[PDB]
Structure formats: structure tokens, C-alpha cells
Amino acid sequence: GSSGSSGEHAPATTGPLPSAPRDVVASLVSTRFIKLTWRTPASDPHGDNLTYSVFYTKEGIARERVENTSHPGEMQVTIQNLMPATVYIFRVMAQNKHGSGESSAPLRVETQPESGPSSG
């Protein structure tokens with residue numbers, strides 16, 4: 001999106017920003033992924049004109065990856081390509097014509113210990 005660059009995170013003129021979503025919870029916890037589910041943010045009761053970004057990162061790790069909801073307004077999203085029996089901090093955030101507002105609270109989600117190699 002015509003991204004830019006800076007030297008010292010120089011300040012830039014921008015309008016107001018929304019507020020992270022609420023009721024941030026995991027509808028389901030898979031061994032290779034985790035189902036997330038949240039409600040509309042106070043700033044946007046419809047959050048239909050703003051996308052939602054989910055940042056996941058192992059407890060302690062700073063390197064986190066963002067996952068844009070396949071579709072805007074989706075009050076739910078799935079995070080595949082995860083490790084079983086491993087804690088992960090999921091953070092949901094809203095995004096509108098402006099950009100990234102506030103990052104929801106860090107949700108501690110722990111996957112389940114896969115069955116293992118034995119197919120059985």
C-alpha cells in the first residue's frame with residue numbers, strides 16, 4: 001500500500017485510530033492451529049469496514065507473525081502452521097482506512113499434545 005520508510009520512526013500527521021476488538025477468545029485449539037473469535041470493538045460496533053490482524057508469538061519470543069482475516073469484518077480467524085503443546089500469545093487488532101489502531105490484550109493459548117507418530 002505505497003508503504004514508506006524512515007530513519008528514526010519520525011512522526012507523521014494522521015487522524016484518529018480505532019480500538020482493538022473485545023471478547024478475544026479461542027473458539028477452538030487445534031494441535032497444528034487455533035481458532036480465534038472476538039466481538040466488535042467499542043470504536044466500531046460493526047467493524048465491517050475494518051480488517052482484523054492477529055499476531056501470534058511463542059511465550060517469550062518477540063518475533064510474531066500477523067494473519068489478516070481472509071475477509072474483512074470476520075469476527076473469527078484460524079491460525080494454522082502452529083506447534084502442538086506450545087504456548088502462543090495471540091493478539092487481535094482492528095484496521096480501517098486509517099491503519100493499525102490498538103492491539104487487543106495478549107491471549108495465552110496453549111495447543112494440545114498431538115497423538116504422536118503411532119498412527120493407531
# chains A, B, ... in the order shown; residues from 1 in each chain; ligands from 1

call {"tool": "select_by_dssp", "arguments": {"residues": "stretch 35-90 of chain A", "states": "strand (DSSP E)", "output": "PDB file with C-alpha atoms, in the first residue's frame"}}
result
ATOM      1  CA  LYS A  35      -9.494 -20.963  16.196  1.00  0.00           C
ATOM      2  CA  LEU A  36      -9.984 -17.376  17.365  1.00  0.00           C
ATOM      3  CA  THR A  37     -13.220 -15.474  17.982  1.00  0.00           C
ATOM      4  CA  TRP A  38     -13.864 -11.897  19.101  1.00  0.00           C
ATOM      5  CA  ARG A  39     -16.589  -9.246  19.018  1.00  0.00           C
ATOM      6  CA  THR A  51      -9.885  -5.685   8.802  1.00  0.00           C
ATOM      7  CA  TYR A  52      -8.605  -7.665  11.786  1.00  0.00           C
ATOM      8  CA  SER A  53      -4.963  -8.633  12.301  1.00  0.00           C
ATOM      9  CA  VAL A  54      -3.837 -11.466  14.576  1.00  0.00           C
ATOM     10  CA  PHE A  55      -0.272 -11.553  15.900  1.00  0.00           C
ATOM     11  CA  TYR A  56       0.921 -14.863  17.343  1.00  0.00           C
ATOM     12  CA  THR A  57       4.244 -15.492  19.082  1.00  0.00           C
ATOM     13  CA  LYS A  58       5.525 -18.199  21.426  1.00  0.00           C
ATOM     14  CA  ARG A  65       3.527 -13.064  12.660  1.00  0.00           C
ATOM     15  CA  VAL A  66       0.353 -11.249  11.611  1.00  0.00           C
ATOM     16  CA  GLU A  67      -2.556 -13.041   9.940  1.00  0.00           C
ATOM     17  CA  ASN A  68      -5.060 -10.891   8.049  1.00  0.00           C
ATOM     18  CA  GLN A  76     -13.260 -15.169  13.693  1.00  0.00           C
ATOM     19  CA  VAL A  77      -9.962 -16.403  12.253  1.00  0.00           C
ATOM     20  CA  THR A  78      -7.795 -19.526  12.181  1.00  0.00           C
ATOM     21  CA  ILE A  79      -4.037 -19.673  12.737  1.00  0.00           C
ATOM     22  CA  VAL A  87       2.029 -21.688  24.349  1.00  0.00           C
ATOM     23  CA  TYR A  88       1.300 -18.831  21.949  1.00  0.00           C
ATOM     24  CA  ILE A  89       0.337 -15.209  22.588  1.00  0.00           C
ATOM     25  CA  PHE A  90      -2.446 -14.215  20.194  1.00  0.00           C
TER      26      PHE A  90
END

call {"tool": "residues_around", "arguments": {"residues": "residue A:41", "least_positions_apart": "5", "cutoff": "9 Å", "atoms": "only C-alpha atoms", "output": "PyMOL selection string"}}
result
chain A and resi 18-22+46-47+94

call {"tool": "write_last_selection", "arguments": {"atoms": "N, CA, C and O atoms", "output": "PDB file, in the first residue's frame"}}
result
ATOM      1  N   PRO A  18      -8.948   3.485  15.617  1.00  0.00           N
ATOM      2  CA  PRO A  18      -9.943   2.648  16.295  1.00  0.00           C
ATOM      3  C   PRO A  18      -9.390   2.000  17.559  1.00  0.00           C
ATOM      4  O   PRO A  18      -8.336   2.391  18.059  1.00  0.00           O
ATOM      5  N   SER A  19     -10.110   1.008  18.074  1.00  0.00           N
ATOM      6  CA  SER A  19      -9.693   0.307  19.282  1.00  0.00           C
ATOM      7  C   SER A  19      -9.822  -1.204  19.107  1.00  0.00           C
ATOM      8  O   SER A  19     -10.835  -1.698  18.613  1.00  0.00           O
ATOM      9  N   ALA A  20      -8.787  -1.930  19.515  1.00  0.00           N
ATOM     10  CA  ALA A  20      -8.784  -3.384  19.406  1.00  0.00           C
ATOM     11  C   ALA A  20     -10.153  -3.963  19.744  1.00  0.00           C
ATOM     12  O   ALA A  20     -10.945  -3.363  20.471  1.00  0.00           O
ATOM     13  N   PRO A  21     -10.441  -5.157  19.206  1.00  0.00           N
ATOM     14  CA  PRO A  21     -11.715  -5.842  19.436  1.00  0.00           C
ATOM     15  C   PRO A  21     -11.851  -6.348  20.868  1.00  0.00           C
ATOM     16  O   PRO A  21     -10.888  -6.334  21.635  1.00  0.00           O
ATOM     17  N   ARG A  22     -13.052  -6.793  21.223  1.00  0.00           N
ATOM     18  CA  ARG A  22     -13.312  -7.302  22.564  1.00  0.00           C
ATOM     19  C   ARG A  22     -13.685  -8.781  22.522  1.00  0.00           C
ATOM     20  O   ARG A  22     -13.752  -9.384  21.451  1.00  0.00           O
ATOM     21  N   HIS A  46     -19.594  -2.296  14.325  1.00  0.00           N
ATOM     22  CA  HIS A  46     -19.848  -3.120  13.148  1.00  0.00           C
ATOM     23  C   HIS A  46     -18.548  -3.706  12.605  1.00  0.00           C
ATOM     24  O   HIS A  46     -18.549  -4.758  11.966  1.00  0.00           O
ATOM     25  N   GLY A  47     -17.440  -3.019  12.864  1.00  0.00           N
ATOM     26  CA  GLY A  47     -16.149  -3.487  12.394  1.00  0.00           C
ATOM     27  C   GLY A  47     -16.246  -4.222  11.072  1.00  0.00           C
ATOM     28  O   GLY A  47     -15.543  -5.209  10.849  1.00  0.00           O
ATOM     29  N   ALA A  94      -7.762  -4.180  15.151  1.00  0.00           N
ATOM     30  CA  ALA A  94      -8.610  -3.709  14.063  1.00  0.00           C
ATOM     31  C   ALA A  94      -7.848  -2.765  13.139  1.00  0.00           C
ATOM     32  O   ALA A  94      -6.891  -2.113  13.558  1.00  0.00           O
TER      33      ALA A  94
END

call {"tool": "residues_around", "arguments": {"residues": "residue A:97", "least_positions_apart": "4", "cutoff": "10 Å", "atoms": "only C-alpha atoms", "output": "PDB file with N, CA, C and O atoms, in the first residue's frame"}}
result
ATOM      1  N   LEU A  17      -7.551   6.831  15.537  1.00  0.00           N
ATOM      2  CA  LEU A  17      -7.471   5.395  15.297  1.00  0.00           C
ATOM      3  C   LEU A  17      -8.511   4.646  16.125  1.00  0.00           C
ATOM      4  O   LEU A  17      -8.920   5.088  17.200  1.00  0.00           O
ATOM      5  N   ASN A  49     -16.030  -2.435   8.146  1.00  0.00           N
ATOM      6  CA  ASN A  49     -15.232  -1.642   7.217  1.00  0.00           C
ATOM      7  C   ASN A  49     -13.766  -1.622   7.640  1.00  0.00           C
ATOM      8  O   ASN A  49     -12.969  -0.841   7.119  1.00  0.00           O
ATOM      9  N   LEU A  50     -13.417  -2.485   8.587  1.00  0.00           N
ATOM     10  CA  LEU A  50     -12.047  -2.568   9.081  1.00  0.00           C
ATOM     11  C   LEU A  50     -11.609  -4.022   9.231  1.00  0.00           C
ATOM     12  O   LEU A  50     -12.332  -4.844   9.796  1.00  0.00           O
ATOM     13  N   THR A  51     -10.420  -4.331   8.723  1.00  0.00           N
ATOM     14  CA  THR A  51      -9.885  -5.685   8.802  1.00  0.00           C
ATOM     15  C   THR A  51      -9.324  -5.974  10.191  1.00  0.00           C
ATOM     16  O   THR A  51      -9.070  -5.058  10.972  1.00  0.00           O
TER      17      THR A  51
END

call {"tool": "atom_distance", "arguments": {"atom1": "atom CA of residue A:26", "atom2": "atom CA of residue A:111"}}
result
10.7 Å

call {"tool": "closest_residue", "arguments": {"among": "A:119, A:28, A:1, A:43", "to": "residue A:80", "atoms": "only C-alpha atoms"}}
result
A:28

call {"tool": "closest_residue", "arguments": {"among": "A:100, A:81, A:70, A:95", "to": "residue A:32", "atoms": "only C-alpha atoms"}}
result
A:81

call {"tool": "closest_residue", "arguments": {"among": "A:120, A:99, A:106, A:4", "to": "residue A:60", "atoms": "only C-alpha atoms"}}
result
A:106
